[PDB]
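The same protein chain appears twice below, in two forms, each given on its own as structure tokens and labelled structure 1 and structure 2.
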Structure 1
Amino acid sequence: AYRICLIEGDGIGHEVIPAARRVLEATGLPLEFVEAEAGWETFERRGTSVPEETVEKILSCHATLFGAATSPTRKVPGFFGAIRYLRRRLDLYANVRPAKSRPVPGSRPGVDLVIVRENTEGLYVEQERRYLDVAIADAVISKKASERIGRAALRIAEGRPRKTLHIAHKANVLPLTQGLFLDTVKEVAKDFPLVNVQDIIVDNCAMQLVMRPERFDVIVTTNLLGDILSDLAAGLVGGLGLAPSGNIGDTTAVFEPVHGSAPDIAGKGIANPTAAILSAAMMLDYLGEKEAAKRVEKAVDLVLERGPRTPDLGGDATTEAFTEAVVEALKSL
């Protein structure tokens, strides 16, 4: 009996997480769902964006599936970003973000890469100050975190057909912070002689992803850089409607779509639940249910190929209609 923590969050979180649940239910696997709260709406009702109860429930489960949470673009007393809080507190240091071609009109063919983003430090240390009309933020790179994110990315590349790892960085401008990251990952690469390791300055990396994403296997990079490159890559293979992720540490994992709360479409009945469902597939993989994971992915691909499709894929289908198509496709496998 797998205990799964389900956390909806804000906006389209309320729409795509129940969809993912319905698909998980249709695997037949023994699953016990445990509901918990985080995000802006939780801050409004409980006074904190992440109640202690929610941490307890996550830790009491085998894995968690998170939708999304909205963040203000300014200081709000008592408010801190929910998922970012969870990432640092549970030490979910590896953010694993695959980008794969799928059979939809908006997708470049031939793409199969994974972005591995350091998920605890960098600018995301969030240590900012304002003095008169000058604001300063720490960007922090530690050897320790670089070793762990590097090792994580190397394992992933070693486990993949092409065994190629690109280190994306700005060491040329930031040789102490970005340089420590670069050199540390190259150092741990010595324990992975099967992996071919390359480095790429991050702006070039972004131009290469646009022009020839097929060249990449695994990309490892730092926190903010990974945030950016992973939305870019999603754009290459059909958009945020489809892009999954895992926030993975040593003892737990929180699986979530790369996308946010999407307030421009929350309440319209049309959000694409594919990203949340494929995040659930990654979750099944992490739990040791590789077969069920593949079946979920297969089901999604069948529907993506032959319809119905949500508006972000050029269709006119509701979230409900798309989810049901995926459930029936899965039942037939």
Structure 2
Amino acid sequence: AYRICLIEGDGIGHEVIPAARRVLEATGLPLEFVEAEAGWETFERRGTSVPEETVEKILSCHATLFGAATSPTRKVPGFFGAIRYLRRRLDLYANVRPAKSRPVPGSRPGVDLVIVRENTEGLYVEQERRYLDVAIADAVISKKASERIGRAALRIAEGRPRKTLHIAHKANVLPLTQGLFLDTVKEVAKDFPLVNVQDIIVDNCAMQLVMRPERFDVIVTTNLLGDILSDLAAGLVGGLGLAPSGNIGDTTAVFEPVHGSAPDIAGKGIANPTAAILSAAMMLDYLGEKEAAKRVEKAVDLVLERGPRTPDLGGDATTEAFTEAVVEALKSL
């Protein structure tokens, strides 16, 4: 049996995570669910957005599915954001963001790519200083983190049909940091004979994602860069509302939708569980259940295409009805 940690988090995490739990159970796989809490609502109760227990429960399971974390408007004494934290604490060094065409209004066809972003360093070391009216931030690239992220993106590419990786970078303007990242990935790519490795300057890569996204298979890049390119690519195929995500290290992983807590629509029973369900499909895949992953994805596609749709997506099916449809389509495969 697999042990899955479920963390609902904030707002509509309380609706999409139960949705995904149901779909997961409909796979027929041996699944044991543990619950834990994190995020703003948690913070408002216990002065921390990731209690120690939640770390312990995470580490006790094969994988974790997380719902939503509320973006703080004001800055709040003591309130570190939860995903940012778990990334560091659990060393989830690889951020995996697929962008795939879905049968939905205004989403380009012919897109099927995976953006693998370094999750640990670059501008995200968060080592800023302000002296008089000048502020400075470290942007840090190491050979170690670059190998780690290189090998991850390479493992992902090699299990995909087109066997292709683009290293997106800015080595021309930043040859010491960004060049180190470019070169290390190229170096590490040598134990992956089956993969075609190109490199592309990040600004041009963004342009190419808009004009010719069908050109890409897997893209590897650094922290801020990948942040932008993922979110770029999601606009191509539905926006954040349908964007799944993995956060993967060597011992455990956390999967989450990218949409926030959606504070308005929360509690209203109309949130679309797609992002959460697809994240759960990513999770099944990471666990080694490739068939179920593909079955879960196929189910979601069918309901997105023909079955009842949620108000973000045209229709006025509830989360319940949408989830019901997905469960049905899944059981029939």
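The first residue in the sequence of structure 1 is number 1, and each one after it adds one. Whichever C-alpha set is largest while still superposing within 1.5 Å between the two forms counts as the rigid core.
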Relative to the superposed rigid core, does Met207 relocate between structures 1 and 2 - that is, does its Cα move 2 Å or more? no
With both forms fit on the core, is the shift of the CA atom of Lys268 between structures 1 and 2 2 Å or larger? yes
Core-aligned C-alpha movement of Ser71 between structures 1 and 2, 2 Å or more: yes
Cα displacement of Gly28 between structures 1 and 2, once the rigid core is superposed (Å): 2.2
Once the rigid core is matched, what's the CA displacement of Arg45 between structures 1 and 2 in angstrom? 0.8
